[PDB]
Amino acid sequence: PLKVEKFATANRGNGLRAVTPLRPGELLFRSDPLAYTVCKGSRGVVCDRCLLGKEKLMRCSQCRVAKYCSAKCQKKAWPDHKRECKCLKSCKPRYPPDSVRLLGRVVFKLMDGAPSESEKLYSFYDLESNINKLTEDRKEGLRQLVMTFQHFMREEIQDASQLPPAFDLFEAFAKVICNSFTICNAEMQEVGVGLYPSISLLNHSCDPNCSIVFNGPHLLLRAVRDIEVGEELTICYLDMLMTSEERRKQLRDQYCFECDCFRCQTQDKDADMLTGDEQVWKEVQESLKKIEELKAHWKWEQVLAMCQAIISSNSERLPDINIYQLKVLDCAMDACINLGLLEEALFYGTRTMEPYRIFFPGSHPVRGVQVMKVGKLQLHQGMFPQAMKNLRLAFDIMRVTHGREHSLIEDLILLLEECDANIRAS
């Protein structure tokens, strides 16, 4: 039976609340997307269908835009790719924004597909659009997306009879803005974007009681605190490494609301997050625009070069608890891992451990994965007691945030068994 239910909140629209008492780690809901696509930077790097990486991908012969890890993935993707294929080819040199490709797949799914389990609690039709809070500047952007959609889809959609009844493209893009989910791979790299309308019932908190995690395109929703009957379920929409000012801007611009939580009222952790010399971390924050762009396109050697110029700068440096320094350390660690520079990766990774303990309180999947990566690096460098401690810590977090239904837990159990065997052998 469902442990969760839709309800009408007092001042944040519809929400989701507990039907039964919930414990940390409890699986509350799981969902495939209504529609999803690979994101800009990962196109051609990960499989369109399973969103896993591969050194060589197979391309769709007709459009040569969709790329796949296997014949299986290519063929199972064909029903949901068939109609967009004509459009991606027709516009051969042009590639549409991710949101436009996403909405194309929404339309095809709603027109040609059976009703999706993803809409069990809440449908695309039901989604919040915030249209009466949009600024004129945002409306202008949405009008351009509508015209972009109309151009991209012209081979397949010519009139309203090819859209769902009373479907309004402007309203649909407004819904996409404030209900899109960023799909992350097992290493927490962003790889795609999707709509999960039942999961869109969850309202935001800067200190939430639930968490979502992705296993390929599949989404698991779990409790990460004790929750009482009738209590609202919340997730954090945002990266934890953000000041209250940064959160204010994104929640206004993307979600059209003002956050009243205790953390925003008190600027909780802002001061620690911005320690060090302001001129230095303003330069690092600016450099992170390019670093994060490079990372999104998997350009690890270039990422590492930029990060080393900051971490080992001849000029003034920042404390590791400064969030921009911390982001650079994380990017450098992931770059070193993907480049096989495991000694250097462990150095950066170990430095992030205490800041992550502070900025990801309780059970958060980003910290669980980070601790796992550090433990794995220590295990393969022969540091068995230290690896075991971190792998056990990762398990303590990821049993709650990931659970047995997530394949990464199985990978972690293997590392724990390996590390334990090494300790028993003395």
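We call the rigid core whatever largest set of C-alpha positions still superposes within 1.5 Å between the two forms. Heads up: residue numbers just count along the shown sequence, starting at 1.
Student: Output the stretch, either 94-102 or 308-316, that has more C-alpha displacement from this form in 5 other deposited structures of this protein following superposition by the rigid core.
Tutor: Once the core is superposed, the stretch further away in 5 other deposited structures of this protein is 308-316.
Student: Do the Cα atoms of 161-169 or those of 126-134 sit farther, on average, from the shown form in 5 other deposited structures of this protein after fitting on the core?
Tutor: Comparing 161-169 with 126-134, the larger C-alpha deviation in 5 other deposited structures of this protein belongs to 161-169.
Student: Can you tell me which stretch has the higher mean Cα B-factor, 31-39 or 46-54?
Tutor: Between 31-39 and 46-54, it is 46-54 that shows the higher mean C-alpha B-factor.
Student: If you take the mean CA temperature factor per stretch, which one wins between 377-385 and 390-398?
Tutor: The entry gives the higher C-alpha B-factor average to 377-385.
Student: If I read the C-alpha B-factors straight from the PDB entry, which of 205, 254, 116, 129 is highest?
Tutor: Checking the PDB record, the top C-alpha B-factor among 205, 254, 116, 129 is at 116.
Student: Name the one of 102, 261, 310, 321 with the greatest CA B-factor according to the PDB entry.
Tutor: Answer for 102, 261, 310, 321: 261, with the highest C-alpha B-factor.
Student: When the modelled residues of the chain are sorted by Cα temperature factor, does residue 25 land in the lowest, middle or highest third?
Tutor: Highest third - that is where residue 25 ends up once the chain's C-alpha B-factors are sorted.
Student: Where does the C-alpha B-factor of residue 215 rank in its chain, lowest, middle or highest third?
Tutor: It falls in the middle third of the chain.
Student: Please rank the C-alpha B-factors of the chain's modelled residues and tell me whether residue 167 sits in the lowest, middle or highest third.
Tutor: Its C-alpha B-factor, which the entry lists for residue 167, ranks in the highest third among residues of this chain.
Student: Lowest, middle or highest third: where is residue 69 by Cα B-factor in its chain?
Tutor: Its C-alpha B-factor, which the entry lists for residue 69, ranks in the highest third among residues of this chain.
Student: Quick one: classify residue 269 as lowest, middle or highest third of the chain based on its Cα B-factor.
Tutor: Lowest third - that is where residue 269 ends up once the chain's C-alpha B-factors are sorted.
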